[PDB]
């Protein structure tokens, strides 16, 4: 029985059971995953402090990125204030090292923690712990538990909480830290410091103005906010708060954001409307991984108005079959492969065999190193 965390616990337990029983398909699969994971054992742990351009706090431990759709205005002498081009990512985002480094850290810690849970090999806990300590708790290298300067925008006058959605890149690693508890490498002192960091980060996201505003967002930002919220809460073992968040925030959001025909109108008005419809449901999918570990199925549980997330999948399913049929603005091609895990997660939760079959028909590559696909051998045959 897997510890509470941000993953499909059923697939992880099934993998760990079959690996321990010596089943050959799984054992061979885990040996490939172990060869993929070797680069993470070697990898020097990253830190948010590895930047030259400092945030307005002057603190290198404050996370800071550029909001991706904001560009210099060439008709202004200094390019200020920046203006928005929805769906067009400003390559200036890559000047903020934590944008990609949070992803690299998150990939490394997630892969290593999952492999330590499956195999029991201490070398994976040791490396996972080294990534965790440097990113989160180190008194010089760890990030401050806030997202004050996430997705800042040059020239913008008002505070926004929009950058909080960046947190999903390290909050999954926070959740996976639970899997290395009880190893020799993760000491009681390591756990306390991370518990304290997670408590401070949870306080910030629940009580800061930016956190409050993001918690009330009318589109996929509010859904992702609560998915991140559940990762922090599950890490801290606050299962009653997970129940409260699901009933008092996630379900009302679903009832409000799904229209009667199952479309997501807030995502339909975006220039990448098929991507953002899918991204909304991906937030629910990762939230559901956590709630269903305590008996709450977000795919089939109605809001007060009777709407259910399965209605959102039904609306999009034909377009996952044929993205070319999509009738709203989508100014870059849609990657059909993201529907694999999503249709599998929703399909199993709903007992919809047609969703599961489609997920397997789309599939994932057997040998892919994409760390989010580790639990999904079921999609790789």
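Numbering follows the first chain given and starts at 1.
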| item | value |
| --- | --- |
| Of 195 to 203 and 75 to 83, the stretch whose C-alpha atoms average the higher B-factor in the entry | 75 to 83 |
| Higher-scoring stretch by recorded Cα B factor average, 308 to 316 or 322 to 330 | 322 to 330 |
| Options 343, 48, 26, 66 - largest CA temperature factor per the record | 26 |
| Highest-ranked of 97, 211, 262, 106 once sorted by CA temperature factor in the record | 262 |
| Where the record places residue 377 (Cα B-factor, split into thirds across the chain) | highest |
| Third assignment of residue 189 from its chain's C-alpha B-factors | highest |
| For residue 276, the third of its chain into which the C-alpha B factor falls | middle |
| Position of residue 269 among the chain's modelled residues by C-alpha B-factor, lowest, middle or highest third | highest |
| Chain-wide C-alpha B factor ranking for residue 182, given as lowest, middle or highest third | highest |
